[PDB]
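Trainee: Heads up: the protein sequence lines correspond to chains XX, GG, gg, AA, ZZ, pp and cc, in order.
Each position in the first sequence, counted from 1, maps to that position plus 21 in the entry's author numbering.
Each position in the second sequence, counted from 1, maps to that position plus 22 in the entry's author numbering.
Each position in the third sequence, counted from 1, maps to that position plus 1 in the entry's author numbering.
Each position in the fourth sequence, counted from 1, maps to that position plus 1 in the entry's author numbering.
Each position in the fifth sequence, counted from 1, maps to that position plus 2 in the entry's author numbering.
Each position in the sixth sequence, counted from 1, maps to that position plus 2 in the entry's author numbering.
Each position in the seventh sequence, counted from 1, maps to that position plus 8 in the entry's author numbering.
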Amino acid sequence: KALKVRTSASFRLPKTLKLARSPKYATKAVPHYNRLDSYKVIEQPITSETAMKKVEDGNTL
Amino acid sequence: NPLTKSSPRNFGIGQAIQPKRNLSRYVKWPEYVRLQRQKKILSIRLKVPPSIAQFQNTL
Amino acid sequence: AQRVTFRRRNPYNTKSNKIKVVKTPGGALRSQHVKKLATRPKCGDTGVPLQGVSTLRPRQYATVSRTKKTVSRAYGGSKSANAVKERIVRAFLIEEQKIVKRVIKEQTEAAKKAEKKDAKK
Amino acid sequence: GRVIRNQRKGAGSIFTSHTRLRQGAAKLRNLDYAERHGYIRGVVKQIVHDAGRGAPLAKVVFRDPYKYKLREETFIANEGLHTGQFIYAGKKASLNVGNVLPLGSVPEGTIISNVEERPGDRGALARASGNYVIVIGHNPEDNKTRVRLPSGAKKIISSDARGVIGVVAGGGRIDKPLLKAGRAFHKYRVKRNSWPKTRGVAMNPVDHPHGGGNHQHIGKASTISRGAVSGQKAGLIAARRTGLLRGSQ
Amino acid sequence: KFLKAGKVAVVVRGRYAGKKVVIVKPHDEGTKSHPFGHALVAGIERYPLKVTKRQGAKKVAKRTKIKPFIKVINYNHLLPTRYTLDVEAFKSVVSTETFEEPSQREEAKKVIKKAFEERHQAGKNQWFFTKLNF
Amino acid sequence: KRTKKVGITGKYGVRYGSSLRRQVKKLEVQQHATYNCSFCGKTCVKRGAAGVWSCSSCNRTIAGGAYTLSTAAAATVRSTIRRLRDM
Amino acid sequence: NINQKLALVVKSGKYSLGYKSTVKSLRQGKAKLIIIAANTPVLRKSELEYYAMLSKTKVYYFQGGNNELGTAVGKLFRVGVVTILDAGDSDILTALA
Numbered sequence: 022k023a024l025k026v027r028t029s030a031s032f033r034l035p036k037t038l039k040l041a042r043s044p045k046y047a048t049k050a051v052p053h054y055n056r057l058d059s060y061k062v063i064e065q066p067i068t069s070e071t072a073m074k075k076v077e078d079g080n081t082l
Numbered sequence: 023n024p025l026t027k028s029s030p031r032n033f034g035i036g037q038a039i040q041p042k043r044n045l046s047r048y049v050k051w052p053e054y055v056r057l058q059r060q061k062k063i064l065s066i067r068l069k070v071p072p073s074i075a076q077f078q079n080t081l
Numbered sequence: 002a003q004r005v006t007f008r009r010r011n012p013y014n015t016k017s018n019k020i021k022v023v024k025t026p027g028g029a030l031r032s033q034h035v036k037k038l039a040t041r042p043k044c045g046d047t048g049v050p051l052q053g054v055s056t057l058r059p060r061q062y063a064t065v066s067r068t069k070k071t072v073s074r075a076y077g078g079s080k081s082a083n084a085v086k087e088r089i090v091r092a093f094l095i096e097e098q099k100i101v102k103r104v105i106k107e108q109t110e111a112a113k114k115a116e117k118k119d120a121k122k
Numbered sequence: 002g003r004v005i006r007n008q009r010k011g012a013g014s015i016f017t018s019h020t021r022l023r024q025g026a027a028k029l030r031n032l033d034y035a036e037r038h039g040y041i042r043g044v045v046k047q048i049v050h051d052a053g054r055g056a057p058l059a060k061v062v063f064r065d066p067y068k069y070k071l072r073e074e075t076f077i078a079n080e081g082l083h084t085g086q087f088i089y090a091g092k093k094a095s096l097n098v099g100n101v102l103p104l105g106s107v108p109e110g111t112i113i114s115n116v117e118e119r120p121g122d123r124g125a126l127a128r129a130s131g132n133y134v135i136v137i138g139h140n141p142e143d144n145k146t147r148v149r150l151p152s153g154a155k156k157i158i159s160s161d162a163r164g165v166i167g168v169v170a171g172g173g174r175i176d177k178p179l180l181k182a183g184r185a186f187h188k189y190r191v192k193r194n195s196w197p198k199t200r201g202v203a204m205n206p207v208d209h210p211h212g213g214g215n216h217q218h219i220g221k222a223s224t225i226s227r228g229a230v231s232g233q234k235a236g237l238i239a240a241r242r243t244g245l246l247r248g249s250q
Numbered sequence: 003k004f005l006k007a008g009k010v011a012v013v014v015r016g017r018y019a020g021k022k023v024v025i026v027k028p029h030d031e032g033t034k035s036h037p038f039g040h041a042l043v044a045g046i047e048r049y050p051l052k053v054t055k056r057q058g059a060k061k062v063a064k065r066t067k068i069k070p071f072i073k074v075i076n077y078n079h080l081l082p083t084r085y086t087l088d089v090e091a092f093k094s095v096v097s098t099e100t101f102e103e104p105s106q107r108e109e110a111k112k113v114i115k116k117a118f119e120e121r122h123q124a125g126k127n128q129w130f131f132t133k134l135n136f
Numbered sequence: 003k004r005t006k007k008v009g010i011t012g013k014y015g016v017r018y019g020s021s022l023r024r025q026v027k028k029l030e031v032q033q034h035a036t037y038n039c040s041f042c043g044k045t046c047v048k049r050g051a052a053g054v055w056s057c058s059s060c061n062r063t064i065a066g067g068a069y070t071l072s073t074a075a076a077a078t079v080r081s082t083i084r085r086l087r088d089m
Numbered sequence: 009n010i011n012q013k014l015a016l017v018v019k020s021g022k023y024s025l026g027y028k029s030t031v032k033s034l035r036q037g038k039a040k041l042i043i044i045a046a047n048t049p050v051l052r053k054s055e056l057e058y059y060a061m062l063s064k065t066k067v068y069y070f071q072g073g074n075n076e077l078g079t080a081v082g083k084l085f086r087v088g089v090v091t092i093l094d095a096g097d098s099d100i101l102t103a104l105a
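Next up, the structure:
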């Protein structure tokens, strides 16, 4: 007894212990290898003659 | 004692922001609280019948 | 003679698409985009344009020194000088009256209690 | 036939009002403690023309008695309020043009506006330009004043109903004729979409009861039953009299 | 009458605008440098910050600190006051020569600060040491 | 004197007809004219959107009638309250 | 009445018009009586009225605004507040008004 004197007439939802995930098995099972590798990002270089201008003269492959 | 300045606060409607009194009475309770209170009342305000009644009058 | 085009893929003559034709040091005329002229900051109490405060679009001064945002008084880049003066005066002169009323009501209540005691006798 | 010009209005697609320019919900303060016992000083910061309004508004600023904050409230300005006036609202405030008592505190004879029908309505009666309620009576046994409304219709109100003392601003607007359609245009263009009204009579009998015929005429009593029907009700609805009205209202 | 040595005016225009002051040496007129009715006024810049019991030291020492300033202030910029607050003691400290030279300006501010810290302790002339709210 | 009697309403030319010109003239005089400012003392201008006056050289603002600073109703109601305040 | 008496000042008598000069002369103490208009704003009314009490001066409230005080002091322009520094011929100093 001697109850909780409150000030806010507004009764908000009382902050509580939001527990985190501790799942009994991995959903994915095997972590997937990198979607987008080094080699998989950059495919072919270019041979359009006006790129080979830009390579040699501008220093941009 | 000297530098400590007496200064009344004064809560006469249009003077000085009213201080945090207990507003327990005036809370917007959640629906379930509102039910289980008002269910109690509603029982009692009703003329209840005797075949219940006797469970109020307990040991 | 030397005509000119916008720069931006907004054809339209909107505010925030205002061209100023400019001779470039190529020599050809080129358009350039006149960014909106900021209106001057203003007083809180009055409609006064508030003095000593750089104009600048709300951001253009968000990264400018606060001397240029402000003046050095009481209510700097807010209330205006005589606006403040009005409300120092008014603050101070009122506080005296509130002191004066207290003395009146203190002494008149002391007289009231004396009048009732004499009436009760 | 069709649905009429004046059955759709309800649907509310176009015949919704226009609330771009429209400033704020013209309303009194919310009631209690402060202003059901003593009173509070407002401050009129702005008087401001409202688009699509019978009479201009007043951002009257008060103080929250429970937080360090100001609330600004759009009262309907009564001829008299002026920026930097001190409005005073609630039981113990006095009879002055802009103060806001509750009909109870207000002697018979007084002239009031934004009178709350029920108390806590934040204003209802006598809010358009120039209009005002007159507090006729007082029934302190069962606290309820009799009050005259601009119509005339005298009506019993709760004595705890409020209302801003004075007559409302924009008084005698309708003095002027508009001339020129265009000014009627801009009147309604800023409110709603009723303007121009075509006359049923002119329209086809598809589109409106009066419509059609080889002469523009109605042909069956423009008076209509009160217990009529959506689409029947175009003409003089539920009339008592009709025709050129002589004398008092 | 009036505007004598004590007179607790309140500066109205210019920086100290809204800060309470004492007219330490008035001049009706006549100076070549300040051609108008002006005072020399010492007065407080930062206030005493409102101490209490239930408080102390690294706040109270902190609170009880009082900056002062000194200024030649035209009488059109001082709203003078009932409240007087005494003393001849600053007059000799606050001369016209005291103004101009930056070191000498400080010398006064160093004395006057002490004088206000003297006064503010033992609650002498309380009004002058509360902030003018505006 | 330009106009024998259209006065201000001569903007409207030959439209709307002598009655609806007259009616408006009376109120377009009233509304376009300058009050005297209760507080300032001064007298120029100013109406600005119906029932909202003014500023002269001051800036306040005052709820008045549509076409005049004080409708007669306001003045009589000022009295009505002047009388009923005193009770 | 007052209007006759301020006329008696303005012809043969020394008097100041307006605020700054009033105040200048409240601070000099030359002001024996200041006549404040009504419409003159309560702030500046209360400011004068303060200075007055430090100078122990009379403050007569000219019932009526500032266009009609200028009138009353034989002026065209409106005057918000008059001082009466010296006007021994007149009777406003002797009068409570």
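Ideal placement from N, C-alpha and C gives every residue a C-beta, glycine not left out.
At a CB-CB cut-off below 9 Å, which residues of chain pp make contact with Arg86 (chain cc)?
Mentor: Taking the seventh sequence and counting its residues from 1, the one referred to as residue 86 (chain cc) is at position 78. Here the neighbours are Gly43 and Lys44.
Trainee: Just to confirm the assignment, what range does the alpha helix (DSSP H) spanning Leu34 (chain cc) have?
Mentor: On the seventh sequence, position 26 is the one that residue 34 (chain cc) refers to. Looking at the DSSP string, the run of the alpha helix (DSSP H) that includes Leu34 (chain cc) is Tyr27 to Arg35.
Trainee: Return no unless some Cβ of chain ZZ is closer than 9 Å to the Cβ of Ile89 (chain gg).
Mentor: As a first step, residue 89 (chain gg) is located in the third sequence; it is residue number 88 there, counting from the start. At least one chain ZZ Cβ lies under 9 Å of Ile89 (chain gg).
Trainee: Going along chain pp, which residues have a C-beta under 7 Å from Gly73 (chain cc)?
Mentor: Position 65 of the seventh sequence, counted from the first residue, corresponds to residue 73 (chain cc). Chain pp residues near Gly73 (chain cc): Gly43.
Trainee: Quick check on DSSP: helix, strand or coil for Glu74 (chain AA)?
Mentor: One-based indexing of the fourth sequence puts residue 74 (chain AA) at position 73. Looking at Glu74 (chain AA) - three-state DSSP - the assignment turns out to be strand.
Trainee: Rounded to the nearest angstrom, how far is the Cβ of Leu104 (chain AA) from that of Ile166 (chain AA), given a contact under 8 Å?
Mentor: As a position in the fourth sequence, residue 104 (chain AA) is number 103, starting the count at 1. As a position in the fourth sequence, residue 166 (chain AA) is number 165, starting the count at 1. Actually they are not in contact, since the Cβ atoms of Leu104 (chain AA) and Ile166 (chain AA) sit about 11 Å apart, beyond 8 Å.
Trainee: Cα separation between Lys73 (chain ZZ) and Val95 (chain ZZ)?
Mentor: Walking along the fifth sequence from the start, residue 73 (chain ZZ) turns up at place 71. Walking along the fifth sequence from the start, residue 95 (chain ZZ) turns up at place 93. Straight-line spacing of the CA atoms in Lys73 (chain ZZ) and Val95 (chain ZZ) works out to 13 Å.
Trainee: Quick one: using the 10 Å Cβ neighbour count with 16 as the cut-off for buried, is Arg33 (chain XX) buried or exposed?
Mentor: As a working mapping, residue 33 (chain XX) is identified with position 12 in the first sequence. By the 10 Å Cβ count, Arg33 (chain XX) comes out exposed.
Trainee: Considering just the uninterrupted stretch of the beta strand (DSSP E) at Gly164 (chain AA), what are its terminal residues?
Mentor: Walking along the fourth sequence from the start, residue 164 (chain AA) turns up at place 163. Taken as a continuous stretch (DSSP letters only), the beta strand (DSSP E) holding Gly164 (chain AA) covers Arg163 to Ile166.
Trainee: Taking Cβ positions, are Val98 (chain AA) and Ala127 (chain AA) nearer each other than 9 Å?
Mentor: What you label residue 98 (chain AA) is simply residue 97 of the fourth sequence in a count that begins at 1. What you label residue 127 (chain AA) is simply residue 126 of the fourth sequence in a count that begins at 1. No.
Trainee: When we look at the beta-carbon of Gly48 (chain gg) and count the other beta-carbons within 10 Å, is it buried (16 or more) or exposed?
Mentor: The residue labelled residue 48 (chain gg) in the question sits at position 47 within the third sequence. The residue in question, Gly48 (chain gg), is exposed, as its Cβ has fewer than 16 Cβ neighbours within 10 Å.
Trainee: Taking the alpha helix (DSSP H) that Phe118 (chain ZZ) falls in, what are its first and last residues?
Mentor: Translated into positions along the fifth sequence, residue 118 (chain ZZ) becomes position 116. Here the alpha helix (DSSP H) through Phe118 (chain ZZ) covers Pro104 to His122.
Trainee: Name, in chain order, the residues that DSSP records as bridge partners for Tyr23 (chain cc).
Mentor: Here residue 23 (chain cc) refers to the residue found at position 15 when the seventh sequence is read from its first residue. In the DSSP output, where bridge partners are listed per residue, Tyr23 (chain cc) has cc:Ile92.
Trainee: If we count the other Cβ atoms within 10 Å of its Cβ and call it buried at 16 or more, is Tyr46 (chain XX) buried or exposed?
Mentor: Taking the first residue of the first sequence as 1, we reach residue 46 (chain XX) at position 25. That one is exposed.
Trainee: Whose Cβ in chain GG lies nearer than 8 Å to the Cβ of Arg27 (chain XX)?
Mentor: The residue given as residue 27 (chain XX) occupies position 6 in the first sequence. The answer, in chain order, is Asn44, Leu45, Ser46 and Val49.
Trainee: Pull up the distance between the alpha-carbon of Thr102 (chain cc) and that of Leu34 (chain cc), whole angstroms please.
Mentor: Taking the first residue of the seventh sequence as position 1, residue 102 (chain cc) is located at position 94. Taking the first residue of the seventh sequence as position 1, residue 34 (chain cc) is located at position 26. Each residue's Cα considered, the two are about 19 Å apart.
Trainee: List, in chain order, every chain GG residue whose beta-carbon is nearer than 7 Å to that of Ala30 (chain XX).
Mentor: As a position in the first sequence, residue 30 (chain XX) is number 9, starting the count at 1. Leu45, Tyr48, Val49 and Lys50, listed in chain order.
Trainee: Kindly indicate which residue of XX:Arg27, XX:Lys22 and XX:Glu77 has the alpha-carbon position closest to the one of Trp51 (chain GG).
Mentor: The count along the second sequence starts at 1 and reaches residue 51 (chain GG) at position 29. The shortest C-alpha separation from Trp51 (chain GG) is found at XX:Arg27.
Trainee: The beta strand (DSSP E) spanning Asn76 (chain ZZ) covers which residue range?
Mentor: Walking along the fifth sequence from the start, residue 76 (chain ZZ) turns up at place 74. Taken as a continuous stretch (DSSP letters only), the beta strand (DSSP E) holding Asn76 (chain ZZ) covers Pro70 to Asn76.
Trainee: List the endpoints of the continuous alpha helix (DSSP H) containing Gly45 (chain ZZ).
Mentor: Start at 1 with the first residue of the fifth sequence, and residue 45 (chain ZZ) comes out as number 43. That residue, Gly45 (chain ZZ), is in no alpha helix (DSSP H); its beta strand (DSSP E) goes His40 to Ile46.
Trainee: Tell me, please, whether the CB atom of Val55 (chain GG) is closer than 9 Å to any CB atom in chain XX?
Mentor: Counting from 1 along the second sequence, the entry for residue 55 (chain GG) is found at position 33. Closer than 9 Å to some Cβ of chain XX, the Cβ of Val55 (chain GG) qualifies, so yes.
Trainee: Go to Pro72 (chain GG), then tell me how far its beta strand (DSSP E) extends in each direction, as first and last residue.
Mentor: Locating residue 72 (chain GG) in the second sequence gives position 50, counting from the first residue. In the DSSP annotation of this structure, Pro72 (chain GG) is not part of any beta strand (DSSP E); the continuous alpha helix (DSSP H) holding it starts and ends at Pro72 to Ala75.
Trainee: Check the Cβ of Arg80 (chain pp) against every Cβ in chain AA and list those closer than 8 Å, keeping chain order.
Mentor: Within the sixth sequence, numbered from 1, the residue matching residue 80 (chain pp) stands at position 78. Against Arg80 (chain pp), the close residues of chain AA are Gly81 and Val98, in the order they occur along the chain (beta-carbon pairs closer than 8 Å).
Trainee: Taking the straight line between their C-alpha atoms, what separation do you get for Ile112 (chain AA) and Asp88 (chain pp)?
Mentor: On the fourth sequence, position 111 is the one that residue 112 (chain AA) refers to. On the sixth sequence, position 86 is the one that residue 88 (chain pp) refers to. The alpha-carbon atoms of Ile112 (chain AA) and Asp88 (chain pp) are separated by roughly 15 Å.
Trainee: Considering only the alpha carbon of each residue, which of AA:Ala185, AA:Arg242, AA:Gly172 and AA:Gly232 lies closest to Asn7 (chain AA)?
Mentor: In the fourth sequence, residue 7 (chain AA) corresponds to position 6, counting from 1. Closest by alpha carbon: AA:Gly232.
Trainee: For chain gg, find out if any of its Cβ atoms is closer than 9 Å to the Cβ of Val12 (chain ZZ); answer yes or no.
Mentor: Within the fifth sequence, residue 12 (chain ZZ) is the residue found at index 10, counting from 1. Yes, because at least one Cβ of chain gg sits closer than 9 Å to the Cβ of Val12 (chain ZZ).
Trainee: Say whether chain AA places a C-beta atom closer than 9 Å to the C-beta of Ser59 (chain pp).
Mentor: Start at 1 with the first residue of the sixth sequence, and residue 59 (chain pp) comes out as number 57. Chain AA contact via Cβ: absent.
Trainee: Closest to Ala65 (chain pp) by C-alpha separation, out of AA:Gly171, AA:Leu245 and AA:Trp196, would be which residue?
Mentor: Position 63 of the sixth sequence, counted from the first residue, corresponds to residue 65 (chain pp). Selected option, being the one with the closest Cα: AA:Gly171.
Trainee: Is the distance from the Cβ of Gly236 (chain AA) to the Cβ of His211 (chain AA) below 9 Å?
Mentor: To locate residue 236 (chain AA), count along the fourth sequence from 1; it is residue 235. To locate residue 211 (chain AA), count along the fourth sequence from 1; it is residue 210. Closer than 9 Å, so yes.
Trainee: Can we count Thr37 (chain XX) as close to the ligand GDP, meaning its CB is less than 8 Å from some heavy atom?
Mentor: The ligand GDP is not among the ligands present in this structure, which contains no ligands whatsoever.
Trainee: If the cut is a Cβ gap below 9 Å, which residues of chain cc does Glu96 (chain gg) touch?
Mentor: On the third sequence, residue 96 (chain gg) is found 95 positions in, with the first residue counted as 1. What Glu96 (chain gg) touches in chain cc: nothing, since even the nearest Cβ is about 11 Å away.
Trainee: From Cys46 (chain pp) to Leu41 (chain cc), what does the alpha carbon distance come to, in whole angstroms?
Mentor: Position 44 of the sixth sequence, counted from the first residue, corresponds to residue 46 (chain pp). Position 33 of the seventh sequence, counted from the first residue, corresponds to residue 41 (chain cc). The alpha-carbon atoms of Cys46 (chain pp) and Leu41 (chain cc) are separated by roughly 32 Å.
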